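Report on one structure; see the data block that follows.
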Amino acid sequence: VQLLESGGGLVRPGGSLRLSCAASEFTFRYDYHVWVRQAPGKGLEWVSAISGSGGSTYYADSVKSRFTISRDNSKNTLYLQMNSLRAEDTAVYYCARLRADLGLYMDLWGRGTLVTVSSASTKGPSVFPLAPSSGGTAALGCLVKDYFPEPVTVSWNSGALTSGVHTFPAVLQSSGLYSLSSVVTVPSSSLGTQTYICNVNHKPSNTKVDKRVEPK
Amino acid sequence: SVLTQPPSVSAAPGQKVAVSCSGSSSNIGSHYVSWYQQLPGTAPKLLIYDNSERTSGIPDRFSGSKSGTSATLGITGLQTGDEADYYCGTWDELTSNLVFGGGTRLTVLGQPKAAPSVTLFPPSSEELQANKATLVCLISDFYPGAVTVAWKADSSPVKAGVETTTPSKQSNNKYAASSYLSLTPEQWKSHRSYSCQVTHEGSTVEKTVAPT
Ligand SMILES: [Cl-]
Ligand SMILES: [Cl-]
Ligand SMILES: [Cl-]
């Protein structure tokens, strides 16, 4: 007993994508099915529902007139046609069976298929110093802004400085570009006398930057 | 979304949690509640339907109730394997939509609760010279791994130009996250201050930066 989604992947803003969901169950045609999506780090959003033989379709207002749910019971397959795709449509899309007992519930779910709505192409980061502010310690760092794709490497003083160093996981922005930050915590007394340099390498764009981070 | 759940519940192995789900007359009030378990990096799985009925394989440790416009998921004898996001769901007859809660993160506590350390950086001189402005809010060493970030321009919330990570496990099994606020240089210069407000286990840690 399973549902399996296919057709996910990369699509440009304004583009179209057709998702398919293959059902193993003989009972497929006797059941409502739905599409539910989940934006990265966010909650479940129900998208669309279709009756056993397609006589009734339901849509969330967020996808109404852009998305069309359909099914081919002869192929035991459910479809979601998505037109005029936007960045906010980026999500894992799940197909699920909707049943009624006393009330409604979704008792069978597919594994999910990632849909990425982005025109992000290879781009080197801008590197900006994050100057220490004017427990006897100062935070300083480097902002690695708007790059694609992953990864970037960051070191401090060519790897000599490790204690106090926290390189944060990158944010994947709605644009489809990444940003990350690296911070080092140092004594405030050191700022006058020590040199702090963040070493950033983004190999895909041949961008390699050594940025001195100084007070003020 | 339309149903209200607490962002975070937690207890030690062997102990119990309750997840509340709050709605209105048109959804939970008139329709049956289901509960969905989402293990890390997996599809949702049905736990409970028709308010209180368990699906096949689900132990009696999991229970559901519903009274008026609210529903409750109970979990006793907590196992590390129960760590997941839990979603309540029902039908809303106003919109004719299937609706969900925002999800509750269940942590089975493996170490003491830790409030986040917050570092907020203003835009660099170099970025402002490039006619751009980014505020950087770095959030580290928190447990459980659930936070909400809110940005303020003086006293006003800012929702536009916000990019926030999901929490990720550090080497010490605590969590890190970051949030980025994109501004025009003019917006940055015109306000007395901007604030990054990080809410963890019902307590807010705030940092503030000013152009002066
Ligand atoms: Cl039907
Ligand atoms: Cl039908
Ligand atoms: Cl119902």
Side-chain angles (χ1 to χ4, degrees), chain A residues 1-8 16-38 44-83 89 91-113 115, chain B residues 1-2 26-28 30-38 43-58 87-100:
Chain A
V1 51
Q2 64 187 269
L3 299 170
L4 184 60
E5 304 89 342
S6 64
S16 294
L17 247 190
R18 194 185 186 74
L19 299 187
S20 294
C21 180
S24 63
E25 285 309 280
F26 159 76
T27 55
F28 172 73
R29 71 190 178 215
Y30 301 96
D31 287 305
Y32 269 71
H33 285 76
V34 299
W35 292 96
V36 177
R37 69 183 180 180
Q38 182 169 43
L44 302 180
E45 183 189 22
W46 169 79
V47 173
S48 191
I50 188 166
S51 63
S53 290
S56 281
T57 59
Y58 296 76
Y59 301 95
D61 278 23
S62 68
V63 309
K64 224 166 213 312
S65 71
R66 292 187 306 115
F67 289 26
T68 304
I69 196 171
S70 64
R71 68 197 291 167
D72 186 340
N73 288 338
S74 74
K75 302 186 184 304
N76 251 34
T77 302
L78 176 74
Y79 304 103
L80 189 62
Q81 182 61 49
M82 304 181 284
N83 299 333
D89 298 317
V92 178
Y93 286 74
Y94 303 105
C95 60
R97 184 168 61 194
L98 179 66
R99 269 182 181 169
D101 192 336
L102 300 189
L104 299 174
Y105 58 97
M106 287 161 274
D107 70 327
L108 181 66
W109 293 69
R111 65 174 180 190
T113 190
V115 174
Chain B
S1 283
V2 166
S26 65
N27 46 59
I28 296 176
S30 303
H31 294 288
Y32 286 87
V33 172
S34 295
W35 291 92
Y36 304 89
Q37 181 188 62
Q38 188 174 39
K45 179 191 175 187
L46 184 65
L47 280 182
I48 288 171
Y49 70 95
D50 286 348
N51 301 335
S52 65
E53 297 287 348
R54 288 177 284 121
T55 61
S56 292
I58 305 306
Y87 292 91
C88 59
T90 196
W91 182 262
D92 192 303
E93 70 189 13
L94 250 33
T95 56
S96 295
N97 293 177
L98 286 162
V99 297
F100 294 102

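Note: hydrogens, waters and symmetry copies are ignored here, and every other heavy atom, side chains too, is used. We name chains A, B, ... by the order of the sequence lines, and we start the count at 1 in each one.
Not a single donor-acceptor pair under 3.5 Å links the side chain of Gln2(A) to the backbone N or O of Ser24(A). The main-chain N or O of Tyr32(A) is never found under 3.5 Å from a side-chain atom of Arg71(A) such that the two would form a donor-acceptor pair. In this structure, the side chain of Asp92(B) engages the main chain of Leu94(B) through a donor-acceptor pair within 3.5 Å. In this structure, the side chain of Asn76(A) engages the main chain of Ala23(A) through a donor-acceptor pair within 3.5 Å. A donor-acceptor pair under 3.5 Å is absent between the side-chain atoms of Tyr94(A) and the main chain of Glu5(A), judged by distance alone.
Around the OH atom of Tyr58(A), the shell of radius 6.0 Å holds no more than 12 heavy atoms that belong to other residues, nucleotides or ligands. Counting heavy-atom neighbours within 6.0 Å of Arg111(A) CZ, excluding the residue itself, gives a total of 12 or less.
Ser16(A) and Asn83(A) make their closest contact through OG-OD1, 2.9 Å (heavy atoms, listed as atom of the first residue, atom of the second, distance). Nearest heavy-atom pair, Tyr32(B) versus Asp50(B), reported as atom, atom and distance to 0.1 Å: CD2-CA, 3.7 Å. Nearest heavy atom pair, residue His33(A) against residue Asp31(A), reads ND1-O, 3.1 Å. In terms of heavy-atom proximity, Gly55(A) sits nearest to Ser51(A) at N-OG, 3.1 Å. Nearest heavy-atom pair, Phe67(A) versus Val47(A), reported as atom, atom and distance to 0.1 Å: CD2-CG1, 3.7 Å.
Using a 4.5 Å heavy-atom cutoff, the side chains of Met82(A) and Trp35(A) are not in contact. In this structure, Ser62(A) and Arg37(A) have side chains that are in contact, with non-hydrogen atoms separated by less than 4.5 Å. Within the 4.5 Å cutoff, side-chain heavy atoms of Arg66(A) are placed close to those of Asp89(A). Using a 4.5 Å heavy-atom cutoff, the side chains of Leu78(A) and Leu3(A) are not in contact. Between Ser70(A) and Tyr79(A), some side-chain heavy-atom pair lies under the 4.5 Å cut-off.
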Output, in order, the C-alpha distance, side-chain angles, deciding distance and verdict of side chain to side chain contact (heavy atoms under 4.5 Å, CB included) for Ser96(B) and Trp91(B).
-> CA-CA 7 Å; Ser96(B) 295; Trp91(B) 182 262; 3.6 Å; yes
Show your working on side chain to side chain contact (heavy atoms under 4.5 Å, CB included) between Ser34(B) and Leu46(B) and close with a plain yes or no.
-> CA-CA 7 Å; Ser34(B) 295; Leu46(B) 184 65; 3.9 Å; yes
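Note that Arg99(A) lies outside the cation-pi zone of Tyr49(B), set by a 6.0 Å cut-off to the ring centre and a 45° limit from the axis.
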